[PDB]
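The next block is model27.txt, given as compact mmCIF, N, CA and C atoms and all ligand atoms.
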```
# COMPACT_ATOMS: atom_id res chain seq x y z
N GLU A 216 -19.95 -0.28 7.23
CA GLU A 216 -18.97 0.64 6.65
C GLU A 216 -18.35 0.07 5.37
N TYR A 217 -18.16 0.94 4.38
CA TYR A 217 -17.66 0.54 3.07
C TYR A 217 -18.59 -0.49 2.40
N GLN A 218 -19.89 -0.27 2.55
CA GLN A 218 -20.93 -1.12 1.96
C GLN A 218 -21.55 -0.45 0.74
N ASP A 219 -20.72 -0.16 -0.26
CA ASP A 219 -21.13 0.65 -1.40
C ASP A 219 -20.95 -0.01 -2.78
N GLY A 220 -20.69 -1.32 -2.80
CA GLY A 220 -20.54 -2.04 -4.05
C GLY A 220 -19.11 -2.12 -4.58
N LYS A 221 -18.32 -1.07 -4.31
CA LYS A 221 -16.91 -1.01 -4.73
C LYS A 221 -16.05 -1.95 -3.88
N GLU A 222 -14.85 -2.28 -4.36
CA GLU A 222 -14.00 -3.22 -3.63
C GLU A 222 -13.13 -2.56 -2.56
N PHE A 223 -12.24 -3.36 -1.97
CA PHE A 223 -11.33 -2.95 -0.89
C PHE A 223 -12.04 -2.79 0.44
N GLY A 224 -11.55 -3.54 1.42
CA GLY A 224 -12.05 -3.46 2.78
C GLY A 224 -10.92 -3.22 3.76
N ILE A 225 -11.30 -3.04 5.01
CA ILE A 225 -10.38 -2.72 6.10
C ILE A 225 -9.22 -3.71 6.14
N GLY A 226 -7.99 -3.20 6.26
CA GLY A 226 -6.83 -4.08 6.30
C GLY A 226 -6.16 -4.33 4.95
N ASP A 227 -6.87 -4.10 3.84
CA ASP A 227 -6.29 -4.37 2.51
C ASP A 227 -5.07 -3.50 2.21
N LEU A 228 -3.99 -4.15 1.78
CA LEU A 228 -2.82 -3.44 1.29
C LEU A 228 -3.10 -2.97 -0.13
N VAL A 229 -2.91 -1.68 -0.40
CA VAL A 229 -3.24 -1.14 -1.72
C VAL A 229 -2.19 -0.16 -2.18
N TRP A 230 -2.25 0.16 -3.47
CA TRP A 230 -1.59 1.34 -3.98
C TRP A 230 -2.64 2.45 -4.05
N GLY A 231 -2.24 3.67 -3.69
CA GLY A 231 -3.15 4.79 -3.78
C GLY A 231 -2.55 5.90 -4.62
N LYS A 232 -3.38 6.51 -5.46
CA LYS A 232 -2.91 7.56 -6.36
C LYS A 232 -3.49 8.91 -5.98
N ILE A 233 -2.63 9.82 -5.54
CA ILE A 233 -3.00 11.21 -5.29
C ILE A 233 -2.41 12.07 -6.41
N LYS A 234 -3.13 13.12 -6.81
CA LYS A 234 -2.63 14.07 -7.81
C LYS A 234 -1.29 14.65 -7.37
N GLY A 235 -0.30 14.60 -8.25
CA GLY A 235 1.03 15.09 -7.92
C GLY A 235 1.99 14.06 -7.35
N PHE A 236 1.55 12.81 -7.20
CA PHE A 236 2.38 11.77 -6.60
C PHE A 236 2.33 10.43 -7.36
N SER A 237 3.40 9.65 -7.26
CA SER A 237 3.39 8.30 -7.80
C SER A 237 2.36 7.46 -7.03
N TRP A 238 2.02 6.29 -7.55
CA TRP A 238 1.24 5.36 -6.78
C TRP A 238 2.01 5.11 -5.48
N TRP A 239 1.29 5.13 -4.37
CA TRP A 239 1.91 5.04 -3.07
C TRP A 239 1.25 3.92 -2.28
N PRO A 240 2.05 3.13 -1.57
CA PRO A 240 1.48 2.00 -0.82
C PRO A 240 0.74 2.49 0.41
N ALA A 241 -0.40 1.89 0.71
CA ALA A 241 -1.20 2.30 1.85
C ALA A 241 -1.93 1.11 2.46
N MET A 242 -2.50 1.29 3.65
CA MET A 242 -3.43 0.30 4.18
C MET A 242 -4.82 0.91 4.28
N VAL A 243 -5.84 0.18 3.83
CA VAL A 243 -7.22 0.65 3.99
C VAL A 243 -7.58 0.60 5.48
N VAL A 244 -8.06 1.72 6.04
CA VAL A 244 -8.45 1.75 7.45
C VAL A 244 -9.89 2.20 7.65
N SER A 245 -10.45 1.89 8.82
CA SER A 245 -11.78 2.37 9.18
C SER A 245 -11.72 3.86 9.47
N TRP A 246 -12.82 4.57 9.27
CA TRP A 246 -12.79 6.00 9.57
C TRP A 246 -12.53 6.26 11.05
N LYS A 247 -12.83 5.28 11.90
CA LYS A 247 -12.64 5.47 13.34
C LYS A 247 -11.17 5.61 13.76
N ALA A 248 -10.26 5.19 12.91
CA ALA A 248 -8.84 5.29 13.23
C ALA A 248 -8.31 6.65 12.81
N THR A 249 -9.11 7.40 12.07
CA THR A 249 -8.63 8.63 11.43
C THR A 249 -8.76 9.92 12.23
N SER A 250 -9.68 9.94 13.19
CA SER A 250 -10.04 11.16 13.94
C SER A 250 -10.82 12.17 13.09
N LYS A 251 -11.32 11.73 11.94
CA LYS A 251 -12.05 12.62 11.04
C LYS A 251 -13.56 12.33 11.02
N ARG A 252 -14.04 11.87 9.87
CA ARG A 252 -15.45 11.66 9.59
C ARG A 252 -15.54 10.37 8.79
N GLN A 253 -16.73 9.81 8.66
CA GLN A 253 -16.94 8.70 7.73
C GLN A 253 -16.57 9.07 6.30
N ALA A 254 -16.08 8.10 5.54
CA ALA A 254 -15.77 8.33 4.13
C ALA A 254 -17.09 8.47 3.36
N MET A 255 -17.11 9.30 2.32
CA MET A 255 -18.25 9.36 1.42
C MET A 255 -18.35 8.03 0.67
N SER A 256 -19.54 7.70 0.18
CA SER A 256 -19.73 6.47 -0.59
C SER A 256 -18.77 6.41 -1.77
N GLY A 257 -18.13 5.26 -1.95
CA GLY A 257 -17.19 5.11 -3.04
C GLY A 257 -15.80 5.60 -2.68
N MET A 258 -15.62 6.06 -1.44
CA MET A 258 -14.30 6.43 -0.96
C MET A 258 -13.81 5.42 0.07
N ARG A 259 -12.50 5.41 0.33
CA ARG A 259 -11.95 4.63 1.42
C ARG A 259 -10.98 5.52 2.15
N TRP A 260 -10.90 5.37 3.46
CA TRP A 260 -9.81 6.00 4.18
C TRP A 260 -8.61 5.09 4.04
N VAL A 261 -7.45 5.65 3.74
CA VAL A 261 -6.24 4.86 3.73
C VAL A 261 -5.21 5.53 4.61
N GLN A 262 -4.31 4.73 5.15
CA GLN A 262 -3.18 5.26 5.87
C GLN A 262 -1.95 4.91 5.04
N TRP A 263 -1.17 5.92 4.68
CA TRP A 263 -0.03 5.74 3.78
C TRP A 263 1.16 5.17 4.53
N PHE A 264 1.79 4.16 3.95
CA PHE A 264 3.03 3.65 4.53
C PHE A 264 4.09 4.71 4.38
N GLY A 265 4.99 4.78 5.35
CA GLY A 265 6.08 5.74 5.29
C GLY A 265 5.85 6.95 6.17
N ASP A 266 4.70 7.60 6.01
CA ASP A 266 4.42 8.78 6.83
C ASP A 266 3.21 8.62 7.76
N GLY A 267 2.45 7.54 7.59
CA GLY A 267 1.35 7.25 8.49
C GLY A 267 0.19 8.25 8.50
N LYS A 268 0.09 9.07 7.46
CA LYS A 268 -1.04 10.00 7.37
C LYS A 268 -2.25 9.34 6.74
N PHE A 269 -3.40 10.02 6.85
CA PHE A 269 -4.67 9.47 6.40
C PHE A 269 -5.23 10.29 5.23
N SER A 270 -5.80 9.62 4.23
CA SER A 270 -6.44 10.30 3.12
C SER A 270 -7.72 9.59 2.77
N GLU A 271 -8.73 10.36 2.36
CA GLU A 271 -9.95 9.79 1.83
C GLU A 271 -9.77 9.70 0.33
N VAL A 272 -9.66 8.49 -0.18
CA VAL A 272 -9.30 8.24 -1.56
C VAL A 272 -10.43 7.45 -2.20
N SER A 273 -10.77 7.77 -3.44
CA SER A 273 -11.78 7.01 -4.16
C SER A 273 -11.30 5.59 -4.42
N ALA A 274 -12.23 4.66 -4.51
CA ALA A 274 -11.88 3.25 -4.70
C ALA A 274 -11.39 3.01 -6.12
N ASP A 275 -11.70 3.95 -7.01
CA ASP A 275 -11.25 3.90 -8.39
C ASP A 275 -9.81 4.41 -8.51
N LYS A 276 -9.31 5.00 -7.43
CA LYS A 276 -7.92 5.44 -7.36
C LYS A 276 -7.10 4.52 -6.46
N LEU A 277 -7.60 3.31 -6.24
CA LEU A 277 -6.87 2.30 -5.47
C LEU A 277 -6.76 1.01 -6.29
N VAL A 278 -5.64 0.30 -6.15
CA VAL A 278 -5.51 -1.04 -6.71
C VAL A 278 -4.80 -1.90 -5.66
N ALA A 279 -4.97 -3.22 -5.72
CA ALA A 279 -4.35 -4.11 -4.74
C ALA A 279 -2.83 -4.01 -4.81
N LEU A 280 -2.17 -3.99 -3.65
CA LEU A 280 -0.71 -3.93 -3.65
C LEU A 280 -0.10 -5.12 -4.42
N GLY A 281 -0.84 -6.23 -4.47
CA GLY A 281 -0.41 -7.43 -5.18
C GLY A 281 -0.17 -7.21 -6.67
N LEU A 282 -0.90 -6.26 -7.26
CA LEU A 282 -0.57 -5.77 -8.60
C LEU A 282 0.68 -4.89 -8.50
N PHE A 283 1.80 -5.50 -8.14
CA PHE A 283 2.99 -4.77 -7.73
C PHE A 283 3.83 -4.21 -8.86
N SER A 284 4.29 -5.09 -9.75
CA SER A 284 5.23 -4.68 -10.78
C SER A 284 4.58 -3.65 -11.71
N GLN A 285 3.26 -3.68 -11.80
CA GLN A 285 2.53 -2.70 -12.62
C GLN A 285 2.39 -1.31 -11.97
N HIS A 286 2.71 -1.15 -10.68
CA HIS A 286 2.52 0.16 -10.04
C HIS A 286 3.74 0.64 -9.29
N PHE A 287 4.64 -0.28 -9.01
CA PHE A 287 5.92 0.10 -8.48
C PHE A 287 6.55 1.10 -9.45
N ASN A 288 6.96 2.25 -8.94
CA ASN A 288 7.58 3.25 -9.78
C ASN A 288 9.07 3.30 -9.54
N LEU A 289 9.83 2.79 -10.50
CA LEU A 289 11.25 2.59 -10.30
C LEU A 289 12.00 3.92 -10.25
N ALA A 290 11.56 4.87 -11.06
CA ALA A 290 12.16 6.20 -11.04
C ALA A 290 11.94 6.84 -9.68
N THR A 291 10.69 6.81 -9.21
CA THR A 291 10.39 7.41 -7.92
C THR A 291 11.19 6.71 -6.83
N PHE A 292 11.34 5.40 -6.97
CA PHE A 292 12.10 4.62 -6.00
C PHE A 292 13.55 5.07 -5.92
N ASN A 293 14.11 5.43 -7.07
CA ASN A 293 15.51 5.84 -7.12
C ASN A 293 15.68 7.26 -6.62
N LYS A 294 14.67 8.07 -6.86
CA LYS A 294 14.70 9.49 -6.54
C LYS A 294 14.42 9.82 -5.05
N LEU A 295 13.50 9.10 -4.40
CA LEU A 295 12.98 9.51 -3.08
C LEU A 295 13.18 8.51 -1.94
N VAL A 296 13.95 8.91 -0.93
CA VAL A 296 14.16 8.06 0.24
C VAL A 296 12.84 7.75 0.99
N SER A 297 11.90 8.69 0.98
CA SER A 297 10.60 8.45 1.61
C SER A 297 9.86 7.29 0.94
N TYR A 298 9.96 7.20 -0.38
CA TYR A 298 9.29 6.15 -1.13
C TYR A 298 9.94 4.83 -0.82
N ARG A 299 11.26 4.83 -0.66
CA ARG A 299 11.95 3.59 -0.29
C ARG A 299 11.55 3.15 1.12
N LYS A 300 11.46 4.10 2.04
CA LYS A 300 11.03 3.77 3.40
C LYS A 300 9.59 3.25 3.38
N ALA A 301 8.75 3.90 2.57
CA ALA A 301 7.38 3.47 2.39
C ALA A 301 7.32 2.02 1.93
N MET A 302 8.10 1.70 0.90
CA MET A 302 8.16 0.34 0.36
C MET A 302 8.59 -0.68 1.41
N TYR A 303 9.57 -0.31 2.22
CA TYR A 303 10.01 -1.22 3.28
C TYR A 303 8.86 -1.59 4.23
N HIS A 304 8.20 -0.59 4.81
CA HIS A 304 7.13 -0.89 5.77
C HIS A 304 5.93 -1.58 5.12
N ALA A 305 5.66 -1.23 3.87
CA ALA A 305 4.58 -1.90 3.17
C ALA A 305 4.92 -3.38 2.94
N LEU A 306 6.11 -3.66 2.39
CA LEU A 306 6.49 -5.05 2.09
C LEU A 306 6.68 -5.89 3.36
N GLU A 307 7.34 -5.31 4.36
CA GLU A 307 7.40 -5.93 5.69
C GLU A 307 6.04 -6.37 6.20
N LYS A 308 5.05 -5.50 6.07
CA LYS A 308 3.70 -5.87 6.48
C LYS A 308 3.20 -7.01 5.60
N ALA A 309 3.53 -6.95 4.31
CA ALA A 309 3.10 -7.97 3.34
C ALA A 309 3.72 -9.33 3.66
N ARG A 310 5.00 -9.30 3.98
CA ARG A 310 5.78 -10.48 4.29
C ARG A 310 5.19 -11.23 5.49
N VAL A 311 4.91 -10.51 6.56
CA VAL A 311 4.36 -11.14 7.75
C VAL A 311 3.00 -11.78 7.46
N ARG A 312 2.14 -11.10 6.72
CA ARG A 312 0.87 -11.71 6.33
C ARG A 312 1.04 -13.00 5.53
N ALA A 313 1.87 -12.95 4.49
CA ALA A 313 2.08 -14.10 3.61
C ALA A 313 2.86 -15.23 4.29
N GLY A 314 3.37 -14.97 5.49
CA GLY A 314 4.14 -15.98 6.19
C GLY A 314 5.44 -16.27 5.48
N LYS A 315 6.01 -15.24 4.86
CA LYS A 315 7.27 -15.34 4.15
C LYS A 315 8.39 -14.92 5.09
N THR A 316 9.57 -15.48 4.90
CA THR A 316 10.72 -15.11 5.71
C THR A 316 11.95 -14.85 4.82
N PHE A 317 12.71 -13.81 5.16
CA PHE A 317 13.97 -13.51 4.48
C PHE A 317 15.14 -13.60 5.44
N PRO A 318 16.36 -13.78 4.90
CA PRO A 318 17.62 -13.58 5.62
C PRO A 318 17.81 -12.13 6.04
N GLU A 326 17.82 -0.64 3.24
CA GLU A 326 18.20 -0.68 1.83
C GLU A 326 18.68 -2.06 1.39
N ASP A 327 19.42 -2.73 2.27
CA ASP A 327 19.87 -4.10 2.02
C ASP A 327 18.80 -5.08 2.43
N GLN A 328 17.95 -4.66 3.37
CA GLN A 328 16.85 -5.49 3.81
C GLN A 328 15.78 -5.43 2.73
N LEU A 329 15.69 -4.28 2.08
CA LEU A 329 14.71 -4.03 1.04
C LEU A 329 14.89 -4.97 -0.17
N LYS A 330 16.15 -5.08 -0.61
CA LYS A 330 16.51 -5.74 -1.86
C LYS A 330 15.77 -7.05 -2.14
N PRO A 331 15.80 -8.01 -1.19
CA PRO A 331 15.07 -9.26 -1.44
C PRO A 331 13.56 -9.17 -1.27
N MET A 332 13.08 -8.22 -0.47
CA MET A 332 11.63 -8.08 -0.32
C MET A 332 11.11 -7.49 -1.62
N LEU A 333 11.87 -6.55 -2.16
CA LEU A 333 11.56 -5.99 -3.47
C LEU A 333 11.53 -7.08 -4.54
N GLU A 334 12.53 -7.96 -4.52
CA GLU A 334 12.62 -9.02 -5.50
C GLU A 334 11.44 -9.96 -5.35
N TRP A 335 11.13 -10.31 -4.10
CA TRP A 335 9.97 -11.14 -3.78
C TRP A 335 8.70 -10.49 -4.33
N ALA A 336 8.53 -9.20 -4.07
CA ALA A 336 7.33 -8.50 -4.51
C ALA A 336 7.29 -8.40 -6.03
N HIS A 337 8.39 -7.94 -6.62
CA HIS A 337 8.42 -7.77 -8.07
C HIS A 337 8.22 -9.12 -8.75
N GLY A 338 8.68 -10.19 -8.11
CA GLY A 338 8.58 -11.51 -8.69
C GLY A 338 7.22 -12.17 -8.49
N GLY A 339 6.29 -11.45 -7.86
CA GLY A 339 4.94 -11.98 -7.70
C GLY A 339 4.60 -12.67 -6.39
N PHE A 340 5.34 -12.36 -5.32
CA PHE A 340 5.02 -12.85 -3.97
C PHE A 340 4.96 -14.38 -3.86
N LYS A 341 6.03 -15.02 -4.33
CA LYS A 341 6.18 -16.47 -4.28
C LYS A 341 6.57 -16.91 -2.87
N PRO A 342 5.97 -17.99 -2.36
CA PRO A 342 5.04 -18.89 -3.07
C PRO A 342 3.54 -18.68 -2.86
N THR A 343 3.12 -17.74 -2.01
CA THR A 343 1.69 -17.60 -1.78
C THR A 343 0.98 -16.91 -2.93
N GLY A 344 1.71 -16.11 -3.70
CA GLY A 344 1.06 -15.22 -4.63
C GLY A 344 0.29 -14.17 -3.85
N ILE A 345 -0.55 -13.41 -4.54
CA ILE A 345 -1.21 -12.27 -3.90
C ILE A 345 -2.15 -12.67 -2.78
N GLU A 346 -2.62 -13.92 -2.82
CA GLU A 346 -3.49 -14.48 -1.79
C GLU A 346 -2.94 -14.28 -0.39
N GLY A 347 -1.63 -14.41 -0.24
CA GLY A 347 -0.99 -14.29 1.06
C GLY A 347 -0.96 -12.89 1.63
N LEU A 348 -1.39 -11.90 0.85
CA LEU A 348 -1.31 -10.49 1.26
C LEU A 348 -2.57 -10.06 1.99
N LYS A 349 -3.59 -10.91 1.95
CA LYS A 349 -4.86 -10.61 2.61
C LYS A 349 -4.71 -10.47 4.14
N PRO A 350 -5.56 -9.64 4.76
CA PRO A 350 -5.52 -9.41 6.21
C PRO A 350 -6.13 -10.57 7.01
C1 LIG B 1 1.78 9.26 0.47
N1 LIG B 1 1.65 10.56 -0.20
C2 LIG B 1 2.98 11.17 -0.34
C3 LIG B 1 0.99 10.35 -1.50
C4 LIG B 1 0.82 11.41 0.64
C5 LIG B 1 1.44 11.43 2.03
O1 LIG B 1 0.56 12.11 2.94
```
As structure tokens, what does this structure read like?
Ligand SMILES: C[N+](C)(C)CCO
Amino acid sequence: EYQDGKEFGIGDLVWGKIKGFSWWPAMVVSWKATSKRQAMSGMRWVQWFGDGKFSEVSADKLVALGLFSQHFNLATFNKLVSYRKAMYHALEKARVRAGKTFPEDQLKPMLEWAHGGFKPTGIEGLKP
């Protein structure tokens, strides 16, 4: 599965771009978790953080969540509570992988950690 030359595999934290929406954090999942069908070649199934729904998204419309400051949308973040909730669950998942520990208020330092480049592991720590 996902043997098509393009990147991103199961478990990868990514940003996903759907028409009409900001880049949104997601996890790449196997089609078996979706209750649907296999993804077409060059597509990935993702599960979106925040609402837990599934979309078949092209790999050209995905980037690693580690490319954070370049895809984090600050306007959308200020405008939409769903996007903030999405960011929380995405970064929380990121934190546990990277073995990072912290002391809306919970978000603030995870956001800073993410925006600052996921110190000290860097993006390496975000891998599944
Ligand atoms: C995460 N999006 C809002 C882009 C789609 C949710 O199903």
- Interatomic distance (Å, one decimal) between CA of residue 291 (chain A) and CA of residue 224 (chain A):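 Result for CA of residue 291 (chain A) versus CA of residue 224 (chain A): 27.1 Å, one decimal.
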- Query: Which of these residues is nearest to residue 242 (chain A), using only N, CA and C atoms: A:222, A:292, A:262, A:254?
  - Reply: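 For residue 242 (chain A), the nearest of the candidates is A:262.
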- Query: If we count only N, CA and C atoms, what is near residue 336 (chain A) at a cut-off of 8 Å, once residues fewer than 3 positions away on the same chain are taken out, given as a list in words?
  - Reply: residues 281, 282, 283, 284, 306, 330, 331, 332, 333, 339, 340 and 341 of chain A
Restrict the selected residues to N, CA and C atoms and save them as an mmCIF file, keeping the file's coordinate frame.
```cif
data_model
loop_
_atom_site.group_PDB
_atom_site.id
_atom_site.type_symbol
_atom_site.label_atom_id
_atom_site.label_comp_id
_atom_site.auth_asym_id
_atom_site.auth_seq_id
_atom_site.Cartn_x
_atom_site.Cartn_y
_atom_site.Cartn_z
ATOM 1 N N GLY A 281 -0.840 -6.230 -4.470
ATOM 2 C CA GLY A 281 -0.410 -7.430 -5.180
ATOM 3 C C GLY A 281 -0.170 -7.210 -6.670
ATOM 4 N N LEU A 282 -0.900 -6.260 -7.260
ATOM 5 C CA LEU A 282 -0.570 -5.770 -8.600
ATOM 6 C C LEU A 282 0.680 -4.890 -8.500
ATOM 7 N N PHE A 283 1.800 -5.500 -8.140
ATOM 8 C CA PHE A 283 2.990 -4.770 -7.730
ATOM 9 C C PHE A 283 3.830 -4.210 -8.860
ATOM 10 N N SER A 284 4.290 -5.090 -9.750
ATOM 11 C CA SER A 284 5.230 -4.680 -10.780
ATOM 12 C C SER A 284 4.580 -3.650 -11.710
ATOM 13 N N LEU A 306 6.110 -3.660 2.390
ATOM 14 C CA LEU A 306 6.490 -5.050 2.090
ATOM 15 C C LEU A 306 6.680 -5.890 3.360
ATOM 16 N N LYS A 330 16.150 -5.080 -0.610
ATOM 17 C CA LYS A 330 16.510 -5.740 -1.860
ATOM 18 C C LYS A 330 15.770 -7.050 -2.140
ATOM 19 N N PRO A 331 15.800 -8.010 -1.190
ATOM 20 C CA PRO A 331 15.070 -9.260 -1.440
ATOM 21 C C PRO A 331 13.560 -9.170 -1.270
ATOM 22 N N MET A 332 13.080 -8.220 -0.470
ATOM 23 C CA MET A 332 11.630 -8.080 -0.320
ATOM 24 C C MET A 332 11.110 -7.490 -1.620
ATOM 25 N N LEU A 333 11.870 -6.550 -2.160
ATOM 26 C CA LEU A 333 11.560 -5.990 -3.470
ATOM 27 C C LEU A 333 11.530 -7.080 -4.540
ATOM 28 N N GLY A 339 6.290 -11.450 -7.860
ATOM 29 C CA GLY A 339 4.940 -11.980 -7.700
ATOM 30 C C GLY A 339 4.600 -12.670 -6.390
ATOM 31 N N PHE A 340 5.340 -12.360 -5.320
ATOM 32 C CA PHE A 340 5.020 -12.850 -3.970
ATOM 33 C C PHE A 340 4.960 -14.380 -3.860
ATOM 34 N N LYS A 341 6.030 -15.020 -4.330
ATOM 35 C CA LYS A 341 6.180 -16.470 -4.280
ATOM 36 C C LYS A 341 6.570 -16.910 -2.870
#
```
Select the residues contacting ligand LIG 1 (chain B) at a distance of at most 9 Å, based on only C-alpha atoms and all ligand atoms, then format the selection as an mmCIF file with N, CA and C atoms, in the coordinates of the input.
```cif
data_model
loop_
_atom_site.group_PDB
_atom_site.id
_atom_site.type_symbol
_atom_site.label_atom_id
_atom_site.label_comp_id
_atom_site.auth_asym_id
_atom_site.auth_seq_id
_atom_site.Cartn_x
_atom_site.Cartn_y
_atom_site.Cartn_z
ATOM 1 N N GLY A 231 -2.240 3.670 -3.690
ATOM 2 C CA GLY A 231 -3.150 4.790 -3.780
ATOM 3 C C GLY A 231 -2.550 5.900 -4.620
ATOM 4 N N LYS A 232 -3.380 6.510 -5.460
ATOM 5 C CA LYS A 232 -2.910 7.560 -6.360
ATOM 6 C C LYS A 232 -3.490 8.910 -5.980
ATOM 7 N N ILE A 233 -2.630 9.820 -5.540
ATOM 8 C CA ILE A 233 -3.000 11.210 -5.290
ATOM 9 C C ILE A 233 -2.410 12.070 -6.410
ATOM 10 N N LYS A 234 -3.130 13.120 -6.810
ATOM 11 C CA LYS A 234 -2.630 14.070 -7.810
ATOM 12 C C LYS A 234 -1.290 14.650 -7.370
ATOM 13 N N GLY A 235 -0.300 14.600 -8.250
ATOM 14 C CA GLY A 235 1.030 15.090 -7.920
ATOM 15 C C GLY A 235 1.990 14.060 -7.350
ATOM 16 N N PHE A 236 1.550 12.810 -7.200
ATOM 17 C CA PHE A 236 2.380 11.770 -6.600
ATOM 18 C C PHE A 236 2.330 10.430 -7.360
ATOM 19 N N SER A 237 3.400 9.650 -7.260
ATOM 20 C CA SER A 237 3.390 8.300 -7.800
ATOM 21 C C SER A 237 2.360 7.460 -7.030
ATOM 22 N N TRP A 238 2.020 6.290 -7.550
ATOM 23 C CA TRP A 238 1.240 5.360 -6.780
ATOM 24 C C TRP A 238 2.010 5.110 -5.480
ATOM 25 N N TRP A 239 1.290 5.130 -4.370
ATOM 26 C CA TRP A 239 1.910 5.040 -3.070
ATOM 27 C C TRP A 239 1.250 3.920 -2.280
ATOM 28 N N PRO A 240 2.050 3.130 -1.570
ATOM 29 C CA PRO A 240 1.480 2.000 -0.820
ATOM 30 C C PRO A 240 0.740 2.490 0.410
ATOM 31 N N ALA A 241 -0.400 1.890 0.710
ATOM 32 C CA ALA A 241 -1.200 2.300 1.850
ATOM 33 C C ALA A 241 -1.930 1.110 2.460
ATOM 34 N N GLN A 262 -4.310 4.730 5.150
ATOM 35 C CA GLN A 262 -3.180 5.260 5.870
ATOM 36 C C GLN A 262 -1.950 4.910 5.040
ATOM 37 N N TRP A 263 -1.170 5.920 4.680
ATOM 38 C CA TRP A 263 -0.030 5.740 3.780
ATOM 39 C C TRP A 263 1.160 5.170 4.530
ATOM 40 N N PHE A 264 1.790 4.160 3.950
ATOM 41 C CA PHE A 264 3.030 3.650 4.530
ATOM 42 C C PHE A 264 4.090 4.710 4.380
ATOM 43 N N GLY A 265 4.990 4.780 5.350
ATOM 44 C CA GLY A 265 6.080 5.740 5.290
ATOM 45 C C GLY A 265 5.850 6.950 6.170
ATOM 46 N N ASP A 266 4.700 7.600 6.010
ATOM 47 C CA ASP A 266 4.420 8.780 6.830
ATOM 48 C C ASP A 266 3.210 8.620 7.760
ATOM 49 N N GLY A 267 2.450 7.540 7.590
ATOM 50 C CA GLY A 267 1.350 7.250 8.490
ATOM 51 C C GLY A 267 0.190 8.250 8.500
ATOM 52 N N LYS A 268 0.090 9.070 7.460
ATOM 53 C CA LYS A 268 -1.040 10.000 7.370
ATOM 54 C C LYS A 268 -2.250 9.340 6.740
ATOM 55 N N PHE A 269 -3.400 10.020 6.850
ATOM 56 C CA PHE A 269 -4.670 9.470 6.400
ATOM 57 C C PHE A 269 -5.230 10.290 5.230
ATOM 58 N N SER A 270 -5.800 9.620 4.230
ATOM 59 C CA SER A 270 -6.440 10.300 3.120
ATOM 60 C C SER A 270 -7.720 9.590 2.770
ATOM 61 N N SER A 297 11.900 8.690 0.980
ATOM 62 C CA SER A 297 10.600 8.450 1.610
ATOM 63 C C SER A 297 9.860 7.290 0.940
ATOM 64 N N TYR A 298 9.960 7.200 -0.380
ATOM 65 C CA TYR A 298 9.290 6.150 -1.130
ATOM 66 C C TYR A 298 9.940 4.830 -0.820
ATOM 67 N N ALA A 301 8.750 3.900 2.570
ATOM 68 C CA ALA A 301 7.380 3.470 2.390
ATOM 69 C C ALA A 301 7.320 2.020 1.930
#
```
- Query: Between CA of residue 227 (chain A) and atom N of residue 316 (chain A), what is the spacing in Å?
  - Reply: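 If I compute the distance from atom N of residue 316 (chain A) to CA of residue 227 (chain A), I get 19.5 Å.
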- Residue contacts of residue 245 (chain A) (6.5 Å, only N, CA and C atoms) excluding same-chain residues fewer than 3 positions away, as a ChimeraX atom specification: /A:225-226,248-249,260
- For CA of residue 344 (chain A) and CA of residue 285 (chain A), determine how far apart the two atoms are, in Å to one decimal place.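 Going from CA of residue 344 (chain A) over to CA of residue 285 (chain A) covers 14.9 Å.
Taking only chain A, the residues that DSSP calls strand (DSSP E or B) from the backbone come to residues 228, 229, 230, 231, 239, 240, 241, 242, 243, 244, 258, 259, 260, 261, 262, 263, 269, 270, 271, 272, 273, 277, 278 and 279 of chain A.
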Would you mind putting back N, CA, C and O atoms on region 339-346 of chain A, then writing it out as a compact mmCIF listing (two decimals), in the frame of the given file?
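Result file follows (rebuild-v2.txt):
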```txt
# COMPACT_ATOMS: atom_id res chain seq x y z
N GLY A 339 6.29 -11.45 -7.86
CA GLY A 339 4.94 -11.98 -7.70
C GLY A 339 4.60 -12.67 -6.39
O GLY A 339 3.68 -13.48 -6.35
N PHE A 340 5.34 -12.36 -5.32
CA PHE A 340 5.02 -12.85 -3.97
C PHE A 340 4.96 -14.38 -3.86
O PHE A 340 3.97 -14.96 -3.37
N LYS A 341 6.03 -15.02 -4.33
CA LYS A 341 6.18 -16.47 -4.28
C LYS A 341 6.57 -16.91 -2.87
O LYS A 341 7.47 -16.31 -2.27
N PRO A 342 5.97 -17.99 -2.36
CA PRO A 342 5.04 -18.89 -3.07
C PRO A 342 3.54 -18.68 -2.86
O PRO A 342 2.77 -19.40 -3.49
N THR A 343 3.12 -17.74 -2.01
CA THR A 343 1.69 -17.60 -1.78
C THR A 343 0.98 -16.91 -2.93
O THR A 343 -0.23 -17.07 -3.11
N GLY A 344 1.71 -16.11 -3.70
CA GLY A 344 1.06 -15.22 -4.63
C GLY A 344 0.29 -14.17 -3.85
O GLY A 344 0.42 -14.05 -2.62
N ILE A 345 -0.55 -13.41 -4.54
CA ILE A 345 -1.21 -12.27 -3.90
C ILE A 345 -2.15 -12.67 -2.78
O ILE A 345 -2.43 -11.87 -1.88
N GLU A 346 -2.62 -13.92 -2.82
CA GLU A 346 -3.49 -14.48 -1.79
C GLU A 346 -2.94 -14.28 -0.39
O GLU A 346 -3.70 -13.99 0.54
```
